[PDB]
Every structure is written in structure tokens, then in C-alpha cells.
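To be precise, the following lines are start31.tsv, and they hold TSV, C-alpha atoms and all ligand atoms.
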```
chain	number	residue	atom	x	y	z
A	1	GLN	CA	-10.69	8.29	-24.45
A	2	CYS	CA	-13.21	6.35	-22.37
A	3	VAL	CA	-13.71	3.22	-24.49
A	4	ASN	CA	-15.77	0.09	-23.83
A	5	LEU	CA	-12.78	-2.25	-23.79
A	6	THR	CA	-14.67	-5.45	-23.01
A	7	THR	CA	-12.21	-8.37	-23.45
A	8	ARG	CA	-14.16	-10.12	-20.69
A	9	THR	CA	-13.64	-13.87	-20.48
A	10	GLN	CA	-14.63	-14.54	-16.87
A	11	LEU	CA	-11.65	-16.12	-15.11
A	12	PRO	CA	-12.41	-19.08	-12.83
A	13	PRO	CA	-12.27	-18.31	-9.10
A	14	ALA	CA	-8.71	-18.22	-7.76
A	15	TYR	CA	-7.69	-18.52	-4.11
A	16	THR	CA	-4.24	-18.78	-2.54
A	17	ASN	CA	-2.67	-18.64	0.92
A	18	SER	CA	-1.13	-15.40	2.16
A	19	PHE	CA	1.34	-17.16	4.52
A	20	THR	CA	3.11	-14.91	7.06
A	21	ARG	CA	2.67	-11.74	5.02
A	22	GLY	CA	0.71	-8.51	5.19
A	23	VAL	CA	2.17	-7.20	8.47
A	24	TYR	CA	3.21	-3.54	8.66
A	25	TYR	CA	4.75	-1.20	11.23
A	26	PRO	CA	2.09	-0.25	13.83
A	27	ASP	CA	3.63	2.98	15.13
A	28	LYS	CA	6.57	5.29	14.42
A	29	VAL	CA	8.55	4.26	17.50
A	30	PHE	CA	12.07	2.81	17.65
A	31	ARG	CA	12.14	-0.37	19.76
A	32	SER	CA	15.26	-2.50	20.17
A	33	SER	CA	15.67	-6.09	21.41
A	34	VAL	CA	12.07	-6.28	22.64
A	35	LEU	CA	8.83	-8.06	21.80
A	36	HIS	CA	5.72	-5.89	21.45
A	37	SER	CA	2.08	-6.96	21.41
A	38	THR	CA	-0.24	-4.74	19.36
A	39	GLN	CA	-3.97	-5.02	18.63
A	40	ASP	CA	-4.65	-3.65	15.15
A	41	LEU	CA	-6.03	-4.53	11.72
A	42	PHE	CA	-3.58	-7.11	10.38
A	43	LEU	CA	-3.78	-9.78	7.70
A	44	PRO	CA	-4.40	-13.13	9.45
A	45	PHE	CA	-1.56	-15.60	9.08
A	46	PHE	CA	-2.17	-18.37	6.53
A	47	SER	CA	-5.40	-16.68	5.46
A	48	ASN	CA	-7.07	-17.02	2.07
A	49	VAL	CA	-6.41	-14.20	-0.41
A	50	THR	CA	-7.76	-13.65	-3.91
A	51	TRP	CA	-5.37	-13.86	-6.88
A	52	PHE	CA	-6.74	-12.17	-10.00
A	53	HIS	CA	-4.69	-12.70	-13.16
A	54	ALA	CA	-4.98	-9.88	-15.71
A	55	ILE	CA	-2.95	-11.69	-18.34
A	56	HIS	CA	-3.42	-12.03	-22.10
A	57	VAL	CA	-1.83	-15.45	-22.73
A	58	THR	CA	-6.75	-15.89	-21.98
A	59	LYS	CA	-7.54	-12.20	-22.53
A	60	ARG	CA	-8.77	-11.05	-19.11
A	61	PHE	CA	-9.10	-7.42	-18.01
A	62	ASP	CA	-9.54	-8.32	-14.34
A	63	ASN	CA	-10.84	-5.03	-12.91
A	64	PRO	CA	-13.61	-5.91	-10.43
A	65	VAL	CA	-14.85	-3.55	-7.73
A	66	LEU	CA	-14.35	-5.33	-4.39
A	67	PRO	CA	-15.34	-4.20	-0.88
A	68	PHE	CA	-12.92	-2.56	1.54
A	69	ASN	CA	-14.10	-4.00	4.89
A	70	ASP	CA	-11.35	-2.79	7.24
A	71	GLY	CA	-8.35	-2.41	4.92
A	72	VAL	CA	-6.73	-3.89	1.84
A	73	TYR	CA	-3.50	-5.85	1.41
A	74	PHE	CA	-2.39	-5.50	-2.23
A	75	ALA	CA	0.60	-7.57	-3.38
A	76	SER	CA	1.01	-6.22	-6.91
A	77	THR	CA	4.04	-8.38	-7.71
A	78	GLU	CA	3.71	-7.62	-11.41
A	79	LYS	CA	6.15	-6.53	-14.13
A	80	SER	CA	7.00	-3.04	-15.40
A	81	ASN	CA	4.19	-0.51	-14.87
A	82	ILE	CA	1.18	-2.79	-15.25
A	83	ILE	CA	-1.03	-1.71	-12.32
A	84	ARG	CA	-0.67	1.99	-11.53
A	85	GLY	CA	-3.29	3.31	-9.11
A	86	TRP	CA	-6.44	2.60	-7.10
A	87	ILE	CA	-9.92	4.12	-6.81
A	88	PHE	CA	-11.60	4.13	-3.39
A	89	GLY	CA	-15.25	5.14	-3.37
A	90	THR	CA	-18.64	3.99	-2.15
A	91	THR	CA	-20.22	4.54	-5.58
A	92	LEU	CA	-17.36	5.95	-7.75
A	93	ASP	CA	-19.82	7.52	-10.19
A	94	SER	CA	-19.54	11.20	-9.11
A	95	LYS	CA	-22.61	10.86	-6.86
A	96	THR	CA	-20.40	10.49	-3.76
A	97	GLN	CA	-16.72	11.06	-3.04
A	98	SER	CA	-14.25	8.73	-4.77
A	99	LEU	CA	-10.56	9.20	-3.98
A	100	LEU	CA	-8.26	8.33	-6.89
A	101	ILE	CA	-4.59	7.36	-6.59
A	102	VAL	CA	-2.37	7.49	-9.69
A	103	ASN	CA	1.44	7.42	-9.84
A	104	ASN	CA	2.19	7.05	-13.61
A	105	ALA	CA	5.86	6.45	-12.64
A	106	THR	CA	6.46	10.20	-12.53
A	107	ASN	CA	4.04	11.97	-10.16
A	108	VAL	CA	1.43	11.39	-7.44
A	109	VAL	CA	-2.10	12.67	-8.01
A	110	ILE	CA	-4.08	11.49	-4.96
A	111	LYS	CA	-7.34	13.41	-5.34
A	112	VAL	CA	-10.74	13.02	-3.70
A	113	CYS	CA	-12.39	15.17	-6.37
A	114	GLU	CA	-15.35	12.87	-7.11
A	115	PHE	CA	-15.11	11.92	-10.79
A	116	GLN	CA	-17.64	10.53	-13.27
A	117	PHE	CA	-16.05	7.14	-13.82
A	118	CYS	CA	-17.44	5.55	-16.99
A	119	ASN	CA	-17.65	1.75	-16.72
A	120	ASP	CA	-14.04	0.60	-16.24
A	121	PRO	CA	-11.41	3.31	-15.62
A	122	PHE	CA	-7.91	2.31	-16.68
A	123	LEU	CA	-4.59	3.74	-17.86
A	124	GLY	CA	-2.36	2.90	-20.81
A	125	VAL	CA	0.79	3.78	-22.77
A	126	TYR	CA	0.39	3.98	-26.55
A	127	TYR	CA	2.71	2.13	-28.93
A	128	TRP	CA	6.19	5.13	-26.29
A	129	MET	CA	4.08	7.78	-24.55
A	130	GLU	CA	1.34	7.45	-21.94
A	131	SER	CA	-1.92	8.16	-23.76
A	132	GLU	CA	-4.93	6.62	-21.97
A	133	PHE	CA	-5.80	9.34	-19.46
A	134	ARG	CA	-9.62	9.46	-19.72
A	135	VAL	CA	-10.49	7.36	-16.68
A	136	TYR	CA	-13.54	9.57	-16.02
A	137	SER	CA	-15.69	12.33	-17.53
A	138	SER	CA	-15.56	15.37	-15.24
A	139	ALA	CA	-14.14	16.38	-11.87
A	140	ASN	CA	-17.51	17.67	-10.57
A	141	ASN	CA	-16.45	18.96	-7.14
A	142	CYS	CA	-12.70	18.89	-6.46
A	143	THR	CA	-12.02	18.73	-2.71
A	144	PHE	CA	-8.57	18.34	-1.09
A	145	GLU	CA	-6.30	17.56	-4.02
A	146	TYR	CA	-2.80	16.88	-2.58
A	147	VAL	CA	-1.05	18.49	-5.54
A	148	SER	CA	2.32	17.51	-4.05
A	149	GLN	CA	4.17	14.54	-5.56
A	150	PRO	CA	6.56	12.81	-3.12
A	151	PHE	CA	8.03	10.43	-5.72
A	152	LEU	CA	7.10	7.44	-7.88
A	153	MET	CA	6.03	4.96	-5.20
A	154	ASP	CA	5.93	2.05	-7.68
A	155	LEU	CA	9.77	1.94	-7.70
A	156	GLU	CA	10.24	0.16	-11.02
A	157	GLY	CA	13.57	-0.85	-12.54
A	158	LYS	CA	13.89	-4.58	-11.85
A	159	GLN	CA	13.13	-7.44	-14.24
A	160	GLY	CA	12.95	-11.22	-14.04
A	161	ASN	CA	10.11	-13.55	-13.00
A	162	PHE	CA	7.92	-11.24	-10.89
A	163	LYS	CA	11.18	-10.07	-9.33
A	164	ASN	CA	9.76	-6.83	-7.89
A	165	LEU	CA	7.72	-8.16	-4.96
A	166	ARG	CA	5.66	-5.04	-4.21
A	167	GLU	CA	3.23	-4.95	-1.28
A	168	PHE	CA	0.90	-2.16	-0.17
A	169	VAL	CA	-1.47	-1.87	2.78
A	170	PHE	CA	-4.37	0.60	2.62
A	171	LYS	CA	-6.01	1.54	5.93
A	172	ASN	CA	-8.86	3.97	6.70
A	173	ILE	CA	-9.67	4.06	10.43
A	174	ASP	CA	-12.03	6.89	11.40
A	175	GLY	CA	-9.93	9.74	10.01
A	176	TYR	CA	-6.70	9.79	8.01
A	177	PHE	CA	-5.61	7.24	5.39
A	178	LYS	CA	-2.45	5.14	5.72
A	179	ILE	CA	-0.54	3.52	2.84
A	180	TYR	CA	2.24	1.19	3.97
A	181	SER	CA	4.52	-0.33	1.37
A	182	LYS	CA	7.38	-2.83	1.18
A	183	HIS	CA	9.42	-4.09	-1.77
A	184	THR	CA	11.43	-7.33	-1.77
A	185	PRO	CA	13.28	-9.22	-4.54
A	186	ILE	CA	12.04	-12.82	-4.90
A	187	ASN	CA	11.91	-15.26	-7.80
A	188	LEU	CA	9.28	-18.02	-7.31
A	189	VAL	CA	6.68	-17.87	-10.04
A	190	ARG	CA	3.54	-15.96	-8.95
A	191	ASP	CA	2.68	-16.82	-5.32
A	192	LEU	CA	3.58	-14.99	-2.12
A	193	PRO	CA	6.88	-16.45	-0.83
A	194	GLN	CA	7.93	-17.21	2.73
A	195	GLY	CA	9.76	-14.87	5.08
A	196	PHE	CA	8.93	-11.61	6.82
A	197	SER	CA	8.87	-8.07	5.44
A	198	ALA	CA	7.70	-4.68	6.71
A	199	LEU	CA	9.00	-1.16	6.05
A	200	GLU	CA	7.43	2.15	7.17
A	201	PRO	CA	4.11	3.90	6.51
A	202	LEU	CA	5.06	4.99	2.98
A	203	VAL	CA	2.46	7.75	2.70
A	204	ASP	CA	-0.15	9.05	5.16
A	205	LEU	CA	-2.91	11.30	3.78
A	206	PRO	CA	-5.70	12.72	5.98
A	207	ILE	CA	-8.90	12.33	3.95
A	208	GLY	CA	-11.79	10.85	5.92
A	209	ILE	CA	-13.77	9.36	3.02
A	210	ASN	CA	-16.32	6.57	3.44
A	211	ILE	CA	-14.13	4.28	1.28
A	212	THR	CA	-16.72	1.49	1.33
A	213	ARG	CA	-15.66	-0.06	-2.00
A	214	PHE	CA	-12.48	-0.04	-4.06
A	215	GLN	CA	-10.96	-0.96	-7.42
A	216	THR	CA	-7.65	-0.66	-9.28
A	217	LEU	CA	-6.55	1.19	-12.41
A	218	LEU	CA	-4.82	-0.99	-15.01
A	219	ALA	CA	-2.33	0.33	-17.55
A	220	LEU	CA	-2.40	-1.09	-21.07
A	221	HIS	CA	-0.73	-0.78	-24.48
A	222	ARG	CA	-2.60	0.95	-27.31
A	223	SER	CA	-1.89	-1.30	-30.32
A	224	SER	CA	-8.86	0.52	-29.22
A	225	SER	CA	-11.09	-2.09	-27.58
A	226	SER	CA	-9.28	-5.39	-28.24
A	227	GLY	CA	-5.87	-4.66	-29.82
A	228	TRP	CA	-3.73	-4.41	-26.69
A	229	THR	CA	-1.44	-6.48	-24.46
A	230	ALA	CA	-1.47	-7.37	-20.76
A	231	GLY	CA	2.00	-8.77	-20.02
A	232	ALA	CA	1.67	-10.55	-16.68
A	233	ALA	CA	-0.36	-9.21	-13.75
A	234	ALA	CA	-0.48	-10.37	-10.13
A	235	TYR	CA	-3.65	-8.73	-8.79
A	236	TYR	CA	-3.71	-9.70	-5.11
A	237	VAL	CA	-6.47	-8.86	-2.62
A	238	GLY	CA	-6.49	-9.58	1.11
A	239	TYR	CA	-8.98	-8.28	3.67
A	240	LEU	CA	-7.57	-7.16	7.01
A	241	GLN	CA	-9.07	-8.25	10.33
A	242	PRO	CA	-8.62	-6.91	13.88
A	243	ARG	CA	-6.01	-9.21	15.43
A	244	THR	CA	-3.36	-9.12	18.14
A	245	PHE	CA	0.20	-9.60	16.90
A	246	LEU	CA	3.42	-10.15	18.87
A	247	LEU	CA	6.12	-8.42	16.82
A	248	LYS	CA	9.83	-8.94	17.50
A	249	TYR	CA	12.41	-6.16	17.20
A	250	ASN	CA	16.11	-6.93	16.81
A	251	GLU	CA	18.96	-4.83	18.20
A	252	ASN	CA	19.06	-2.54	15.13
A	253	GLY	CA	15.37	-1.60	15.28
A	254	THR	CA	13.63	-3.60	12.54
A	255	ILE	CA	10.76	-6.07	12.92
A	256	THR	CA	12.24	-9.52	12.29
A	257	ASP	CA	9.19	-11.76	12.75
A	258	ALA	CA	5.75	-11.81	14.34
A	259	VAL	CA	3.02	-14.23	15.41
A	260	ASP	CA	-0.78	-14.10	15.29
A	261	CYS	CA	-2.41	-15.02	18.60
A	262	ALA	CA	-5.55	-16.44	17.02
A	263	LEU	CA	-4.31	-19.12	14.60
A	264	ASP	CA	-3.56	-22.25	16.64
A	265	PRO	CA	-3.15	-23.00	20.36
A	266	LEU	CA	0.64	-22.94	19.96
B	1	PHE	CA	10.69	18.31	21.36
B	2	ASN	CA	7.47	18.78	19.35
B	3	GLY	CA	5.46	18.69	22.58
B	4	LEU	CA	7.46	15.81	24.12
B	5	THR	CA	7.93	17.50	27.48
B	6	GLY	CA	10.39	15.91	29.89
B	7	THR	CA	13.37	16.43	32.17
B	8	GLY	CA	16.76	14.83	31.67
B	9	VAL	CA	20.10	14.93	29.89
B	10	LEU	CA	20.29	14.79	26.09
B	11	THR	CA	23.27	12.82	24.79
B	12	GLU	CA	24.33	11.91	21.26
B	13	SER	CA	23.40	8.27	20.73
B	14	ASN	CA	24.20	5.43	18.32
B	15	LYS	CA	20.57	4.37	17.83
B	16	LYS	CA	19.86	3.47	14.21
B	17	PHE	CA	16.44	5.19	14.12
B	18	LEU	CA	15.06	4.32	10.68
B	19	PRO	CA	13.74	7.48	8.98
B	20	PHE	CA	10.03	6.94	9.69
B	21	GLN	CA	10.65	6.30	13.40
B	22	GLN	CA	10.60	9.51	15.42
B	23	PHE	CA	10.51	8.85	19.17
B	24	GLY	CA	12.07	5.58	20.33
B	25	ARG	CA	11.10	3.85	23.57
B	26	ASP	CA	12.34	1.33	26.12
B	27	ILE	CA	10.63	-1.71	27.63
B	28	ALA	CA	8.70	0.39	30.18
B	29	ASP	CA	7.20	2.47	27.32
B	30	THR	CA	9.17	5.55	28.37
B	31	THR	CA	10.78	7.67	25.65
B	32	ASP	CA	14.55	7.31	26.09
B	33	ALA	CA	15.39	8.97	22.75
B	34	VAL	CA	14.16	11.70	20.40
B	35	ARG	CA	14.70	13.00	16.88
B	36	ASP	CA	15.43	16.72	16.80
B	37	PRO	CA	13.02	18.40	14.33
B	38	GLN	CA	15.62	20.90	13.07
B	39	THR	CA	18.55	18.48	12.63
B	40	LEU	CA	17.81	14.76	12.26
B	41	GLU	CA	20.06	13.68	15.13
B	42	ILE	CA	19.29	11.10	17.80
B	43	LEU	CA	19.66	12.29	21.40
B	44	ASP	CA	18.96	9.71	24.08
B	45	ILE	CA	17.50	10.99	27.34
B	46	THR	CA	19.14	10.04	30.64
B	47	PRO	CA	17.14	11.36	33.62
B	48	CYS	CA	18.90	13.48	36.24
B	49	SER	CA	18.84	12.90	40.03
C	301	LIG	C1	-9.45	-20.43	1.78
C	301	LIG	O1	-8.46	-21.02	2.59
C	301	LIG	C2	-8.95	-21.50	3.83
C	301	LIG	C3	-7.78	-21.90	4.69
C	301	LIG	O2	-6.88	-20.82	4.81
C	301	LIG	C4	-9.94	-22.63	3.57
C	301	LIG	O3	-10.53	-23.09	4.76
C	301	LIG	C5	-11.06	-22.13	2.67
C	301	LIG	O4	-11.93	-23.16	2.28
C	301	LIG	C6	-10.49	-21.50	1.40
C	301	LIG	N1	-11.53	-20.94	0.59
C	301	LIG	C7	-11.71	-21.21	-0.72
C	301	LIG	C8	-12.87	-20.51	-1.37
C	301	LIG	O5	-10.98	-21.97	-1.35
C	302	LIG	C1	2.95	14.28	-13.54
C	302	LIG	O1	3.40	13.58	-14.67
C	302	LIG	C2	2.40	13.17	-15.58
C	302	LIG	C3	3.06	12.33	-16.65
C	302	LIG	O2	2.09	11.75	-17.49
C	302	LIG	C4	1.67	14.40	-16.13
C	302	LIG	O3	0.58	14.04	-16.96
C	302	LIG	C5	1.10	15.20	-14.97
C	302	LIG	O4	0.51	16.40	-15.40
C	302	LIG	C6	2.22	15.56	-14.00
C	302	LIG	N1	1.70	16.31	-12.89
C	302	LIG	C7	1.91	17.63	-12.71
C	302	LIG	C8	1.28	18.22	-11.48
C	302	LIG	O5	2.56	18.31	-13.49
C	303	LIG	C1	-19.61	21.62	-4.51
C	303	LIG	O1	-18.80	22.24	-3.54
C	303	LIG	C2	-19.24	23.55	-3.22
C	303	LIG	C3	-18.18	24.23	-2.37
C	303	LIG	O2	-18.17	23.67	-1.08
C	303	LIG	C4	-20.61	23.47	-2.55
C	303	LIG	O3	-21.14	24.75	-2.28
C	303	LIG	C5	-21.60	22.76	-3.47
C	303	LIG	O4	-22.82	22.51	-2.84
C	303	LIG	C6	-21.02	21.42	-3.93
C	303	LIG	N1	-21.89	20.75	-4.87
C	303	LIG	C7	-22.22	21.16	-6.11
C	303	LIG	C8	-23.16	20.23	-6.84
C	303	LIG	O5	-21.84	22.20	-6.63
C	304	LIG	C1	-20.68	5.12	4.89
C	304	LIG	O1	-19.99	4.83	6.09
C	304	LIG	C2	-20.76	4.23	7.11
C	304	LIG	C3	-20.00	4.30	8.41
C	304	LIG	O2	-18.81	3.55	8.32
C	304	LIG	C4	-21.05	2.82	6.61
C	304	LIG	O3	-21.67	2.02	7.60
C	304	LIG	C5	-22.03	2.97	5.46
C	304	LIG	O4	-22.29	1.74	4.83
C	304	LIG	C6	-21.54	3.94	4.38
C	304	LIG	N1	-22.68	4.45	3.67
C	304	LIG	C7	-23.11	4.02	2.48
C	304	LIG	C8	-24.34	4.73	1.95
C	304	LIG	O5	-22.57	3.13	1.84
C	305	LIG	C1	22.44	-2.73	11.99
C	305	LIG	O1	22.41	-1.35	11.70
C	305	LIG	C2	23.17	-1.12	10.53
C	305	LIG	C3	23.42	0.36	10.36
C	305	LIG	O2	24.60	0.56	9.62
C	305	LIG	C4	22.47	-1.78	9.33
C	305	LIG	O3	23.27	-1.73	8.17
C	305	LIG	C5	22.20	-3.26	9.61
C	305	LIG	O4	21.36	-3.84	8.64
C	305	LIG	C6	21.55	-3.46	10.98
C	305	LIG	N1	21.42	-4.86	11.29
C	305	LIG	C7	20.31	-5.57	11.04
C	305	LIG	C8	20.38	-7.02	11.45
C	305	LIG	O5	19.31	-5.11	10.51
C	306	LIG	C1	15.01	24.72	10.28
C	306	LIG	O1	15.66	25.97	10.19
C	306	LIG	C2	16.92	26.01	10.84
C	306	LIG	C3	17.42	27.43	10.86
C	306	LIG	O2	16.43	28.28	11.40
C	306	LIG	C4	17.87	25.02	10.15
C	306	LIG	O3	19.10	24.93	10.83
C	306	LIG	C5	17.25	23.63	10.14
C	306	LIG	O4	18.02	22.72	9.39
C	306	LIG	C6	15.85	23.68	9.54
C	306	LIG	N1	15.23	22.38	9.60
C	306	LIG	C7	14.80	21.69	8.53
C	306	LIG	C8	14.18	20.35	8.84
C	306	LIG	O5	14.90	22.10	7.38
```
Could you rewrite the structure in this file as C-alpha cells?
Ligand SMILES: *[C@@H]1O[C@H](CO)[C@@H](O)[C@H](O)[C@H]1NC(C)=O
Ligand SMILES: *[C@@H]1O[C@H](CO)[C@@H](O)[C@H](O)[C@H]1NC(C)=O
Ligand SMILES: *[C@@H]1O[C@H](CO)[C@@H](O)[C@H](O)[C@H]1NC(C)=O
Ligand SMILES: *[C@@H]1O[C@H](CO)[C@@H](O)[C@H](O)[C@H]1NC(C)=O
Ligand SMILES: *[C@@H]1O[C@H](CO)[C@@H](O)[C@H](O)[C@H]1NC(C)=O
Ligand SMILES: *[C@@H]1O[C@H](CO)[C@@H](O)[C@H](O)[C@H]1NC(C)=O
Amino acid sequence: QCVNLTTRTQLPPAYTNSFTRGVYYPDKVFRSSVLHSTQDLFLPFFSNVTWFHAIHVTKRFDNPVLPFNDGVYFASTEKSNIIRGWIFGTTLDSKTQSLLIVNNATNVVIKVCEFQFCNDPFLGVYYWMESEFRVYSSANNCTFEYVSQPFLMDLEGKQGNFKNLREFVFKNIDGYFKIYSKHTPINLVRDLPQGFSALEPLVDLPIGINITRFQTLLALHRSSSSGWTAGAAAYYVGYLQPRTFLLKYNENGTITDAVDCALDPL
Amino acid sequence: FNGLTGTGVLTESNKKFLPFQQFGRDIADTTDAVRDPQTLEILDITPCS
């Protein structure tokens, strides 16, 4: 149930460089052997992103509620089923709307349905069956519920040293709500590697919420307020900004590389 | 095609057309391809005249 799992040793501030990452597909149009300039909310190249570590090597349940601004770049390059979903709400206490996203590796339960979130909502599999399901208290008013499950968007099944490089982009411009996602196999240790990656608007859901603030739901392992494990998390937050990008399309219709026309005079 | 009104000849094409992409365009921002809503086949559009 909803427990006051504190385990709060405040991690020191962590900042890293996003490099040439966080760029998605602007539109659903096939372009070949051309360069296209688009003005949209992108992640600035070589910008500063926040790297929360929800590890237990240093028991830290890093679940802070951070603002949304214009969109969120989330590089959850973690191990098997650590971070599951995300809560997007101005207050997320059943006073106003608070859209919840949960995948649980089996379904998709995107629901506006303003819930009474008690302190820190989080998931967890008991020492195995998923047990921690009381992320809130009541559904209050349940608006558009999207009871359809496309598939498990986490796409787990790889192991190594943060091998599953998973990236998501959440956007809420006027109406609608876009979730872009790309997965890439890399080794490194924890940081965002070099290269270029972008693949499709994974899931588009028309909601129209205020989405002022946001947080993430963290799965755990029941053996409870302290007897758990964290594995190795890679909580990554980047705030999008309105920039102009010159994307390049090869002859087989995939974006190879892009530049940000605000970084340096070159 | 889903409101994409136009005049021309539809011909089976070799365009890759990744699943999310639906329209396809050339340098002049003119749709020279389409995805058929019934059958997911790519038909490029070559204008007549
Ligand atoms: C974040 O990185 C930028 C350069 O990308 C740097 O100017 C800035 O001081 C950094 N911020 C922090 C808090 O380290
Ligand atoms: C999707 O799977 C989860 C597995 O925990 C289950 O709790 C949930 O009820 C399922 N959704 C539906 C609509 O059956
Ligand atoms: C809940 O939604 C219903 C249906 O639209 C609406 O009439 C009602 O005012 C809302 N609020 C409460 C507190 O029931
Ligand atoms: C709701 O959205 C408006 C318009 O984007 C925003 O400026 C405002 O801060 C939000 N309202 C509250 C009460 O947070
Ligand atoms: C060319 O298209 C083919 C389709 O079979 C694809 O396998 C290949 O990756 C494409 N080339 C590039 C460079 O993406
Ligand atoms: C739509 O229905 C037609 C038959 O009326 C069928 O040939 C076609 O495959 C269907 N399209 C889809 C996307 O299921």
C-alpha cells in the first residue's frame, strides 16, 4: 500500500552534458537526400542536463517533482524494469488533472483520471510478482482513460552495462501530447554517448492537460519502508527549448545528423 | 487519399517509407508519394500533361 518509504539521503547536485542528443522526428513525412530546416522545441546541443541516480550502493529514492517548461527529454538508460511510468500534473493531488503513464512491461494505462497521490507514488515487484500498485488513494473523476494498450513501450530484454539506451521525449503544445522514443545499444558507463539517434513519434495521445509539473514512478523490490533494492538507475532530465535545427535525410529516408543554429557561429 | 486531393498518375514505387511516415515529399514541398490507407503500399505521383 501507500507507505512512507523515506530512504532520503539528499544526493549532491549532478549535472552532465547532453551532447548531440534529444532530437526527434518533426513530422511524419518521408524526405530523401535533402536537408530540412525546422523550428520546433528541441534539446539544445551540448546543453546541461540533470542526472539523478536512484541507486542503493547510498540509498537514494530520487523522485523529485520537476517543472515541465516546454517538454521533457528523458534518457532512462537503466537496467531491467527500474523506472516504469511518469505523472504529469500541475498539483498531482486530485485537486487538478494529473495524467499518469504506467507500462508495467505488460500493458499501457495512460489515464488523466486525477488521482489522490500520497507523498511519493511508486511501483514495485515483491520478492516474483508485481505488488506495489497503490500509487494513489482514489480516482476521483476519471476522464479520458485510453483503455487500449499498444504494447510494452519499455522494450526490455537486454543486459550489460546500461546496454539498453532508452530515450523518450514528452511534448505538450496547445493540444495533443506526443511521446517520441528511441532505443540504442551502447556500453559506456552511465553518460549519454556520441552519435545521432531518432525514431518515430512512438505514441501520440490527445489530452490537453496543463502539464505544468511532472515526476516519475519508480519500481522497487519488496524485501516495507527500508528493506528494498534499487539496482542502478539513470534518471535523466533535459528541458526543451524552441530552436531551429537543420536535419539531414539520407537516400533511404532516415535522419542521419542535424545541427543547431544557435550554438556557435560555425 | 485521406483528403490529399491531387491530379496525377499513381505508380508503384521503391520508396522505403518507414511505418510512421505517411506522405513523403520532394524538395519543393510537393507530395510525390502517398501511403494507401487500405493497403500499406507506396504509390508515387507523377503529374500528367
Ligand atoms: C551546465 O553546463 C553549461 C555548459 O553546457 C555550463 O555553462 C553551466 O555552468 C553548467 N551548469 C552547472 C550547474 O554546472
Ligand atoms: C495490464 O497488466 C497489468 C499487469 O500487472 C494488470 O494489472 C492490468 O490490469 C492489465 N490491464 C488490463 C486492462 O487488463
Ligand atoms: C466530475 O465529473 C462530472 C462529470 O463531468 C462533473 O459533473 C462533476 O462536476 C465533476 N466533479 C465532481 C467533484 O464530481
Ligand atoms: C495552467 O496553464 C497556463 C497556460 O499555459 C499556465 O500559464 C499556468 O501556470 C497554469 N496554471 C496553474 C494554476 O498552474
Ligand atoms: C536502405 O533501405 C533498406 C531497406 O531494406 C534498409 O535496410 C537500410 O538500412 C537503408 N539504408 C540506410 C543507410 O539506412
Ligand atoms: C479495409 O477494408 C478493406 C476491405 O473493405 C481491406 O481490403 C483493407 O485491408 C482494410 N484496411 C485495413 C487497414 O485494415
Put the listed atoms of segment 18-30 of chain B in a box along x, y and z with 3 Å added on every side and give me the centre and edge lengths in Å to one decimal, as AutoDock Vina command-line options.
```
--center_x 11.1 --center_y 3.9 --center_z 19.6 --size_x 13.9 --size_y 17.2 --size_z 27.2
```
### Message
Set the cut-off to 9 Å and count only C-alpha atoms: what are the residues of chain B that reach chain A? Output as a ChimeraX atom specification.
### Response
/B:15-27,33
### Query
Within 10 Å of ligand LIG 302 (chain C), counting only C-alpha atoms and all ligand atoms, which protein or nucleic acid residues do you find, written as a ChimeraX atom specification?
/A:102-109,125,129-133,146-149,152
Go ahead and save the picked residues with C-alpha atoms, as a compact mmCIF listing (two decimals), in the coordinates of the input.
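This went into selection.txt:
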```txt
# COMPACT_ATOMS: atom_id res chain seq x y z
CA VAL A 102 -2.37 7.49 -9.69
CA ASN A 103 1.44 7.42 -9.84
CA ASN A 104 2.19 7.05 -13.61
CA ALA A 105 5.86 6.45 -12.64
CA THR A 106 6.46 10.20 -12.53
CA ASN A 107 4.04 11.97 -10.16
CA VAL A 108 1.43 11.39 -7.44
CA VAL A 109 -2.10 12.67 -8.01
CA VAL A 125 0.79 3.78 -22.77
CA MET A 129 4.08 7.78 -24.55
CA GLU A 130 1.34 7.45 -21.94
CA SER A 131 -1.92 8.16 -23.76
CA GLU A 132 -4.93 6.62 -21.97
CA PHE A 133 -5.80 9.34 -19.46
CA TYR A 146 -2.80 16.88 -2.58
CA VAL A 147 -1.05 18.49 -5.54
CA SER A 148 2.32 17.51 -4.05
CA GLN A 149 4.17 14.54 -5.56
CA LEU A 152 7.10 7.44 -7.88
```
### At most 12 Å from ligand LIG 306 (chain C) (all atoms listed in the file): residue list as a VMD selection string
chain B and resid 35 to 41
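Closest approach to ligand LIG 303 (chain C) among A:205, A:179, A:198, A:113 is made by A:113 (distances from all atoms listed in the file).
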#### Entry: Å distance separating atom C5 of ligand LIG 303 (chain C) from atom CA of residue 134 of chain A, one decimal place
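Straight-line distance from atom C5 of ligand LIG 303 (chain C) to atom CA of residue 134 of chain A works out to 24.2 Å.
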### Task
Up to 9 Å from (-21.4, 4.4, -13.1) in the file's coordinates: name the residues, counting only C-alpha atoms, as a PyMOL selection string.
chain A and resi 91-94+116-120
